[PDB]
C-alpha cells in the first residue's frame, strides 16, 4: 500500500517559500495517526522544512528522496529513487509537490485535508497532484479548526 497524505488550500496550493501558509493542530494529529509506525517518504526540501528538534518523526521509518549522493539526513534514510523506499506493507508519502507527483502512479490512497483558505496560486508554489478518474473519493464534512480555518478530509482510493 502506497498512500499520499497532504493538506491543500482550495486553490490546490500545498506550500510556499519552503513552508506551509497555515497550521492546523487537528491535521497534525490526523497525520501522526495515519503515518505512525509506517514508512514515511519525503523530498529533500520537505525534510529541510522540518525543524531539527522534531526530525526524524518518531516511530516511523523516515526516508528522504535526494539526488545528492552525499546528502546527510541525521536520523533518516536518504535514497536516490522512490522504489528504494517501498520495502514495507504501508508507505506514506508526506511531501512535497515533486515527490507527490513522482509517487502518484504507485499510490492507492490519498488522504487529503482541504483547508478553506483563499490562497491564489503564485509562481514558485508547491501544488497538490491532479487526481484523474480512477480515483474514488469521499468528500468529508467541513470541520472547524481551533486555528479558525475550516477544513475537511477527502479520503481517495483506487484499486
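Positions refer to the first chain, counted from 1.
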Q.
Mean Cα B factor from the PDB record: higher for 109-117, or higher for 129-137?
A. 129-137
Q: Could you check the entry and say whether 81-89 or 67-75 has the higher mean CA B-factor?
A: 81-89
Q) Highest Cα B-factor in the PDB entry belongs to which of 50, 94, 103, 123? A) 50
Q | Given 44, 55, 38, 30, the residue at which the Cα B factor reaches its maximum | A | 55
Q. Of the three thirds of its chain by CA temperature factor, lowest, middle or highest, which one includes residue 10?
A. middle
